[PDB]
$ cat query_38.csv   # CSV, C-alpha atoms and all ligand atoms
chain,number,residue,atom,x,y,z
A,1,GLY,CA,-112.0,-13.5,130.5
A,2,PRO,CA,-113.0,-15.7,127.5
A,3,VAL,CA,-110.8,-18.6,126.6
A,4,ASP,CA,-110.7,-21.4,124.0
A,5,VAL,CA,-109.3,-24.6,125.4
A,6,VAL,CA,-108.7,-27.9,123.6
A,7,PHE,CA,-107.6,-31.0,125.6
A,8,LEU,CA,-105.4,-33.7,124.0
A,9,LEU,CA,-105.7,-37.2,125.6
A,10,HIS,CA,-104.0,-40.5,125.0
A,11,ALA,CA,-106.8,-43.0,124.4
A,12,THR,CA,-106.3,-46.6,123.5
A,13,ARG,CA,-107.4,-50.1,124.8
A,14,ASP,CA,-104.0,-50.2,126.6
A,15,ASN,CA,-104.8,-47.3,128.9
A,16,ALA,CA,-108.5,-47.9,129.2
A,17,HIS,CA,-108.0,-48.9,132.8
A,18,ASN,CA,-107.1,-45.3,133.6
A,19,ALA,CA,-110.1,-43.7,131.9
A,20,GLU,CA,-112.0,-43.1,135.1
A,21,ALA,CA,-109.0,-41.4,136.8
A,22,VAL,CA,-108.5,-39.3,133.8
A,23,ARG,CA,-112.2,-38.4,133.7
A,24,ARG,CA,-112.0,-37.0,137.2
A,25,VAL,CA,-108.8,-35.0,136.2
A,26,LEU,CA,-110.6,-33.5,133.2
A,27,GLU,CA,-113.6,-32.5,135.3
A,28,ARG,CA,-111.4,-30.5,137.6
A,29,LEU,CA,-109.6,-28.8,134.6
A,30,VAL,CA,-113.0,-28.0,133.0
A,31,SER,CA,-114.2,-26.5,136.3
A,32,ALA,CA,-111.0,-24.4,136.4
A,33,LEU,CA,-112.1,-22.6,133.3
A,34,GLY,CA,-115.2,-21.1,134.9
A,35,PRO,CA,-118.6,-20.7,133.2
A,36,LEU,CA,-119.0,-22.1,129.7
A,37,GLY,CA,-120.5,-19.8,127.1
A,38,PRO,CA,-120.0,-18.0,123.8
A,39,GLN,CA,-118.7,-15.0,125.7
A,40,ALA,CA,-116.9,-17.1,128.4
A,41,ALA,CA,-115.0,-20.4,128.3
A,42,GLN,CA,-115.2,-23.0,125.5
A,43,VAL,CA,-113.9,-26.5,125.5
A,44,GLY,CA,-112.8,-28.8,122.7
A,45,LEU,CA,-111.4,-32.3,122.8
A,46,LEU,CA,-109.2,-34.6,120.7
A,47,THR,CA,-107.8,-38.1,121.6
A,48,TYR,CA,-104.9,-39.9,120.0
A,49,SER,CA,-103.6,-43.4,119.5
A,50,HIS,CA,-101.3,-43.9,116.5
A,51,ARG,CA,-103.9,-41.7,114.8
A,52,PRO,CA,-105.7,-38.5,116.0
A,53,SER,CA,-109.5,-38.5,116.8
A,54,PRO,CA,-111.1,-35.1,117.1
A,55,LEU,CA,-114.2,-35.7,119.4
A,56,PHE,CA,-115.9,-32.3,119.6
A,57,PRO,CA,-115.1,-28.6,118.7
A,58,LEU,CA,-115.0,-25.5,120.9
A,59,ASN,CA,-118.6,-24.6,120.2
A,60,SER,CA,-120.1,-28.1,120.3
A,61,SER,CA,-121.9,-27.2,123.5
A,62,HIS,CA,-121.9,-24.7,126.4
A,63,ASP,CA,-124.0,-27.1,128.5
A,64,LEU,CA,-121.6,-28.4,131.1
A,65,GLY,CA,-123.7,-31.5,131.6
A,66,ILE,CA,-123.5,-32.5,128.0
A,67,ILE,CA,-119.8,-31.8,127.8
A,68,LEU,CA,-119.1,-34.0,130.8
A,69,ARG,CA,-121.1,-36.8,129.2
A,70,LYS,CA,-119.0,-36.5,126.1
A,71,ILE,CA,-115.9,-36.8,128.2
A,72,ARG,CA,-117.5,-39.8,130.0
A,73,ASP,CA,-118.1,-41.5,126.6
A,74,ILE,CA,-114.6,-41.0,125.2
A,75,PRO,CA,-113.8,-44.1,123.1
A,76,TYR,CA,-110.9,-46.2,124.4
A,77,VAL,CA,-111.0,-48.6,121.5
A,78,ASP,CA,-107.9,-48.0,119.4
A,79,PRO,CA,-104.9,-50.3,119.1
A,80,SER,CA,-101.6,-49.4,120.8
A,81,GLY,CA,-100.0,-46.1,119.7
A,82,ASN,CA,-98.8,-42.9,121.3
A,83,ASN,CA,-98.4,-40.4,118.4
A,84,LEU,CA,-98.6,-37.0,120.2
A,85,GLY,CA,-97.0,-35.2,117.4
A,86,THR,CA,-99.7,-35.8,114.8
A,87,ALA,CA,-102.3,-35.1,117.5
A,88,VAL,CA,-101.0,-31.6,118.2
A,89,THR,CA,-101.0,-30.9,114.4
A,90,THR,CA,-104.5,-32.1,114.0
A,91,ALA,CA,-105.8,-30.3,117.0
A,92,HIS,CA,-104.2,-27.1,115.7
A,93,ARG,CA,-105.4,-27.4,112.2
A,94,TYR,CA,-109.0,-28.5,112.9
A,95,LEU,CA,-109.8,-27.3,116.5
A,96,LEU,CA,-107.7,-24.2,117.4
A,97,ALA,CA,-107.0,-22.6,114.1
A,98,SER,CA,-108.6,-19.3,113.3
A,99,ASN,CA,-110.9,-21.0,110.9
A,100,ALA,CA,-111.8,-23.9,113.2
A,101,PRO,CA,-115.4,-24.4,114.4
A,102,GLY,CA,-116.2,-22.1,117.4
A,103,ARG,CA,-112.7,-20.6,117.5
A,104,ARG,CA,-113.1,-16.9,118.6
A,105,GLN,CA,-110.7,-14.2,117.4
A,106,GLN,CA,-109.1,-11.9,120.0
A,107,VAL,CA,-109.6,-14.8,122.5
A,108,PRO,CA,-106.7,-16.7,123.9
A,109,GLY,CA,-106.3,-20.3,122.6
A,110,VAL,CA,-104.9,-23.0,124.8
A,111,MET,CA,-103.8,-26.6,124.0
A,112,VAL,CA,-103.6,-28.9,127.0
A,113,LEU,CA,-101.6,-32.1,126.5
A,114,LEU,CA,-102.2,-35.2,128.6
A,115,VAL,CA,-99.3,-37.8,128.4
A,116,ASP,CA,-99.0,-41.1,130.1
A,117,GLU,CA,-96.3,-42.9,128.0
A,118,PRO,CA,-92.8,-42.3,126.8
A,119,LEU,CA,-93.2,-40.3,123.5
A,120,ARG,CA,-92.1,-41.6,120.1
A,121,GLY,CA,-91.6,-39.6,117.0
A,122,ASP,CA,-91.2,-35.8,116.7
A,123,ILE,CA,-93.2,-33.6,119.0
A,124,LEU,CA,-90.9,-30.6,118.8
A,125,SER,CA,-92.0,-29.4,115.3
A,126,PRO,CA,-95.8,-29.6,115.9
A,127,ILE,CA,-95.6,-27.9,119.3
A,128,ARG,CA,-93.3,-25.1,118.1
A,129,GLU,CA,-95.6,-24.4,115.2
A,130,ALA,CA,-98.6,-24.3,117.6
A,131,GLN,CA,-96.8,-21.8,119.7
A,132,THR,CA,-95.7,-19.7,116.8
A,133,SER,CA,-99.3,-19.4,115.6
A,134,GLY,CA,-100.1,-17.9,119.0
A,135,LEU,CA,-101.5,-20.8,121.0
A,136,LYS,CA,-100.5,-21.5,124.6
A,137,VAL,CA,-99.3,-25.1,125.1
A,138,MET,CA,-99.5,-26.8,128.5
A,139,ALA,CA,-98.8,-30.4,129.4
A,140,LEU,CA,-99.8,-32.7,132.2
A,141,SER,CA,-97.5,-35.8,132.4
A,142,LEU,CA,-99.2,-38.6,134.2
A,143,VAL,CA,-97.6,-41.6,135.8
A,144,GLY,CA,-96.0,-43.7,133.1
A,145,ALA,CA,-94.8,-40.7,131.1
A,146,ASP,CA,-91.2,-39.6,130.8
A,147,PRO,CA,-91.2,-36.2,132.6
A,148,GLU,CA,-88.2,-34.8,130.8
A,149,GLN,CA,-89.5,-35.2,127.2
A,150,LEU,CA,-91.8,-32.2,127.2
A,151,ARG,CA,-89.3,-30.1,129.1
A,152,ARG,CA,-86.5,-30.4,126.6
A,153,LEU,CA,-88.1,-28.8,123.6
A,154,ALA,CA,-85.5,-26.2,122.5
A,155,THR,CA,-89.4,-23.0,120.7
A,156,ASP,CA,-90.6,-21.4,123.9
A,157,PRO,CA,-90.8,-23.2,127.2
A,158,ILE,CA,-94.0,-25.1,128.1
A,159,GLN,CA,-95.9,-25.1,131.4
A,160,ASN,CA,-95.2,-28.7,132.4
A,161,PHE,CA,-96.8,-30.6,135.3
A,162,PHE,CA,-95.8,-34.1,136.3
A,163,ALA,CA,-97.7,-36.5,138.5
A,164,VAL,CA,-95.0,-38.5,140.4
A,165,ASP,CA,-97.7,-40.9,141.6
A,166,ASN,CA,-101.5,-41.6,141.1
A,167,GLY,CA,-102.3,-40.2,144.6
A,168,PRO,CA,-101.2,-36.9,146.2
A,169,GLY,CA,-98.6,-36.5,143.5
A,170,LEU,CA,-101.4,-36.5,140.9
A,171,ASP,CA,-103.6,-34.2,142.9
A,172,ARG,CA,-100.8,-31.5,143.2
A,173,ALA,CA,-100.0,-31.6,139.5
A,174,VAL,CA,-103.7,-31.3,138.5
A,175,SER,CA,-104.2,-28.4,141.0
A,176,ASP,CA,-101.1,-26.6,139.6
A,177,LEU,CA,-102.4,-27.0,136.0
A,178,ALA,CA,-105.8,-25.8,137.1
A,179,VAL,CA,-104.3,-22.6,138.5
A,180,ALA,CA,-102.3,-22.3,135.2
A,181,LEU,CA,-105.5,-22.6,133.1
A,182,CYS,CA,-107.2,-19.9,135.2
A,183,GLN,CA,-104.4,-17.5,134.5
A,184,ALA,CA,-104.3,-18.2,130.7
A,185,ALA,CA,-107.4,-16.1,130.1
B,1,MG,MG,-130.1,-34.6,128.9
B,2,MG,MG,-100.4,-47.3,123.8

$ encode --input "query_38.csv" --output "C-alpha cells" --more "lines below"
Ligand SMILES: [Mg+2]
Ligand SMILES: [Mg+2]
Amino acid sequence: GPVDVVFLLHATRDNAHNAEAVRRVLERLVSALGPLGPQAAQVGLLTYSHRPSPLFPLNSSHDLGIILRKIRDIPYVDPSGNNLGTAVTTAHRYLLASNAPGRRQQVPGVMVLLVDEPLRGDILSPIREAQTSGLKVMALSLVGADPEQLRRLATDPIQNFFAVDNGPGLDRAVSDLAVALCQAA
C-alpha cells in the first residue's frame, strides 16, 4: 500500500568520508518501499548537523532516477554537530505534518533516523511528539553510534537496528530495516 517516508541523515564535513556507504544504504531502503508514485510510495529527505536541512519533500519527484541523484548530491558541507532532536522536529513540522508538501492523508507516515555518533541534547521529546501525532519512527544506528540511546526512550518503543560493523553487521541491519519498511505500509 501507499506510504510517506522521510529519511533523516547526519551530514557534515566530519562524516563526509562515509557518504558513499550511506548512499548505498539509502538505495536499498528506497528500493524496499516499492514503486514510487502519487498512489504508491513517496520519499522525502532531511539532513542535520547542528542545524536541520530539509532537502526535498515527499512529492518532489516520483522519478527514481532523479531521487537517487538528489541523494547522490547530498551536501556534506556543514561544520561539526549532531543535533538529532531539532532534526526530528523540523522533519515533522515541515515534511511529515498533515499540511506538509506531498503528505497524503489516510496514508502511513514514517520517519527513518540514521545515526552515526553519540547523541547530545534531548531526542526524547521530539520523537515522542512525532509518535503521538501518528508517525512511525524507525532508527538505523551505524558504526560510531551509541546503540542504547534510541532504545532507552521511556513514549512507545522504536524499531531499532544497529550495525555492529561496516561489513556483514551493516548488511544485516539494513536488511532488517528494509523488511521493517515494507511492513510499515
Ligand atoms: Mg535526466
Ligand atoms: Mg559531527

$ residues_near_ligand --input "query_38.csv" --ligand "ligand MG 1 (chain B)" --cutoff "10 Å" --atoms "all atoms listed in the file" --output "ChimeraX atom specification"
/A:63,65-66,69

$ closest_atom_pairs --input "query_38.csv" --of "chain A" --to "ligand MG 2 (chain B)" --cutoff "10 Å" --atoms "all atoms listed in the file" --output "CSV"
residue,atom,partner,partner_atom,distance
A:10,CA,B:MG2,MG,7.8
A:11,CA,B:MG2,MG,7.7
A:12,CA,B:MG2,MG,5.9
A:13,CA,B:MG2,MG,7.6
A:14,CA,B:MG2,MG,5.4
A:15,CA,B:MG2,MG,6.7
A:16,CA,B:MG2,MG,9.8
A:48,CA,B:MG2,MG,9.5
A:49,CA,B:MG2,MG,6.6
A:50,CA,B:MG2,MG,8.1
A:78,CA,B:MG2,MG,8.7
A:79,CA,B:MG2,MG,7.2
A:80,CA,B:MG2,MG,3.9
A:81,CA,B:MG2,MG,4.3
A:82,CA,B:MG2,MG,5.3
A:83,CA,B:MG2,MG,9.0
A:116,CA,B:MG2,MG,8.9
A:117,CA,B:MG2,MG,7.3
A:118,CA,B:MG2,MG,9.6

$ closest_residue --input "query_38.csv" --among "A:93, A:20, A:123, A:41" --to "residue 73 of chain A" --atoms "only C-alpha atoms"
A:20

$ residues_around --input "query_38.csv" --residues "residue 88 of chain A" --least-positions-apart "3" --cutoff "7 Å" --atoms "all atoms listed in the file" --output "NGL selection string"
:A and (84-85 or 91-92 or 126-127)

$ residues_around --input "query_38.csv" --residues "residue 98 of chain A" --least-positions-apart "3" --cutoff "12 Å" --atoms "all atoms listed in the file" --output "JSON, numbers by chain"
{"A": [4, 58, 91, 92, 93, 94, 95, 101, 102, 103, 104, 105, 106, 107, 108, 109, 130, 133, 134, 135]}

$ closest_residue --input "query_38.csv" --among "A:143, A:71, A:124, A:154" --to "residue 89 of chain A" --atoms "all atoms listed in the file"
A:124

$ closest_residue --input "query_38.csv" --among "A:34, A:157, A:75, A:57" --to "residue 179 of chain A" --atoms "all atoms listed in the file"
A:34

$ atom_distance --input "query_38.csv" --atom1 "atom CA of residue 142 of chain A" --atom2 "atom CA of residue 162 of chain A"
6.0 Å

$ atom_distance --input "query_38.csv" --atom1 "atom CA of residue 35 of chain A" --atom2 "atom CA of residue 182 of chain A"
11.6 Å

$ atom_distance --input "query_38.csv" --atom1 "atom CA of residue 27 of chain A" --atom2 "atom CA of residue 99 of chain A"
27.1 Å

$ residues_near_point --input "query_38.csv" --point "(-111.6, -32.0, 140.6)" --cutoff "12 Å" --atoms "only C-alpha atoms" --output "MDAnalysis selection string"
chainID A and resid 21:33 170:178

$ residues_around --input "query_38.csv" --residues "residue 113 of chain A" --least-positions-apart "3" --cutoff "9 Å" --atoms "all atoms listed in the file" --output "compact mmCIF listing (two decimals) with C-alpha atoms, in the coordinates of the input"
# COMPACT_ATOMS: atom_id res chain seq x y z
CA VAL A 6 -108.70 -27.90 123.60
CA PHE A 7 -107.60 -31.00 125.60
CA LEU A 8 -105.40 -33.70 124.00
CA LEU A 9 -105.70 -37.20 125.60
CA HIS A 10 -104.00 -40.50 125.00
CA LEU A 84 -98.60 -37.00 120.20
CA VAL A 88 -101.00 -31.60 118.20
CA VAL A 137 -99.30 -25.10 125.10
CA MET A 138 -99.50 -26.80 128.50
CA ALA A 139 -98.80 -30.40 129.40
CA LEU A 140 -99.80 -32.70 132.20
CA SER A 141 -97.50 -35.80 132.40

$ decode --input "query_38.csv" --residues "segment 157-181 of chain A" --atoms "N, CA, C and O atoms" --output "short mmCIF file (atom, residue, chain, number, x, y, z; two decimals), in the first residue's frame"
data_model
loop_
_atom_site.label_atom_id
_atom_site.label_comp_id
_atom_site.auth_asym_id
_atom_site.auth_seq_id
_atom_site.Cartn_x
_atom_site.Cartn_y
_atom_site.Cartn_z
N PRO A 157 7.97 2.16 22.12
CA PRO A 157 9.26 1.64 21.66
C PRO A 157 9.50 1.87 20.16
O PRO A 157 8.55 1.86 19.38
N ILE A 158 10.76 2.07 19.80
CA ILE A 158 11.15 2.28 18.41
C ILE A 158 11.71 1.00 17.81
O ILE A 158 12.35 0.21 18.51
N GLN A 159 11.48 0.80 16.52
CA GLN A 159 12.16 -0.26 15.79
C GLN A 159 13.60 0.17 15.53
O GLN A 159 13.87 0.98 14.64
N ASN A 160 14.52 -0.36 16.33
CA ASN A 160 15.93 -0.01 16.24
C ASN A 160 16.75 -1.10 15.56
O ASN A 160 16.50 -2.29 15.76
N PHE A 161 17.72 -0.67 14.76
CA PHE A 161 18.65 -1.58 14.11
C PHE A 161 20.05 -1.01 14.23
O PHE A 161 20.27 0.17 13.95
N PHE A 162 20.99 -1.85 14.65
CA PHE A 162 22.35 -1.40 14.92
C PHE A 162 23.37 -2.19 14.11
O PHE A 162 23.42 -3.42 14.16
N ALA A 163 24.18 -1.46 13.35
CA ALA A 163 25.29 -2.04 12.61
C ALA A 163 26.50 -2.16 13.52
O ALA A 163 27.09 -1.16 13.92
N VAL A 164 26.86 -3.39 13.87
CA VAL A 164 27.97 -3.64 14.78
C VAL A 164 29.31 -3.52 14.06
O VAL A 164 30.36 -3.45 14.70
N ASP A 165 29.27 -3.50 12.73
CA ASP A 165 30.45 -3.23 11.92
C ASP A 165 29.99 -2.66 10.58
O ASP A 165 28.80 -2.58 10.31
N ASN A 166 30.95 -2.27 9.74
CA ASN A 166 30.64 -1.68 8.45
C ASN A 166 30.52 -2.73 7.34
O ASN A 166 30.34 -2.38 6.17
N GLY A 167 30.61 -4.00 7.72
CA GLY A 167 30.54 -5.10 6.77
C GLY A 167 29.25 -5.89 6.90
O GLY A 167 28.17 -5.33 6.71
N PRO A 168 29.35 -7.20 7.21
CA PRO A 168 28.13 -8.01 7.34
C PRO A 168 27.19 -7.50 8.42
O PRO A 168 25.97 -7.66 8.29
N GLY A 169 27.74 -6.91 9.47
CA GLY A 169 26.94 -6.32 10.53
C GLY A 169 26.05 -5.23 9.98
O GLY A 169 24.87 -5.14 10.32
N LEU A 170 26.62 -4.39 9.12
CA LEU A 170 25.86 -3.33 8.47
C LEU A 170 24.79 -3.91 7.55
O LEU A 170 23.63 -3.49 7.59
N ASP A 171 25.18 -4.89 6.74
CA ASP A 171 24.27 -5.52 5.79
C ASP A 171 23.04 -6.10 6.47
O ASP A 171 21.92 -5.92 6.00
N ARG A 172 23.25 -6.80 7.59
CA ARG A 172 22.13 -7.39 8.33
C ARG A 172 21.17 -6.32 8.85
O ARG A 172 19.96 -6.48 8.75
N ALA A 173 21.73 -5.25 9.40
CA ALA A 173 20.92 -4.18 9.96
C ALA A 173 20.06 -3.52 8.88
O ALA A 173 18.87 -3.28 9.08
N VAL A 174 20.67 -3.24 7.74
CA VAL A 174 19.98 -2.61 6.63
C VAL A 174 18.88 -3.52 6.08
O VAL A 174 17.78 -3.06 5.77
N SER A 175 19.18 -4.81 5.97
CA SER A 175 18.19 -5.77 5.50
C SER A 175 17.00 -5.83 6.46
O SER A 175 15.85 -5.86 6.02
N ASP A 176 17.28 -5.85 7.76
CA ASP A 176 16.22 -5.89 8.76
C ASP A 176 15.34 -4.65 8.68
O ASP A 176 14.11 -4.74 8.78
N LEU A 177 15.96 -3.48 8.52
CA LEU A 177 15.21 -2.24 8.40
C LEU A 177 14.40 -2.23 7.11
O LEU A 177 13.28 -1.73 7.08
N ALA A 178 14.98 -2.78 6.04
CA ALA A 178 14.29 -2.84 4.75
C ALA A 178 13.01 -3.65 4.86
O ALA A 178 11.98 -3.28 4.30
N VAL A 179 13.07 -4.76 5.60
CA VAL A 179 11.89 -5.58 5.84
C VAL A 179 10.88 -4.79 6.67
O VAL A 179 9.67 -4.85 6.41
N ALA A 180 11.37 -4.06 7.66
CA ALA A 180 10.52 -3.28 8.55
C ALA A 180 9.77 -2.19 7.79
O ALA A 180 8.61 -1.90 8.08
N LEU A 181 10.45 -1.57 6.82
CA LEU A 181 9.83 -0.54 5.99
C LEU A 181 8.73 -1.12 5.11
O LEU A 181 7.68 -0.50 4.94
#
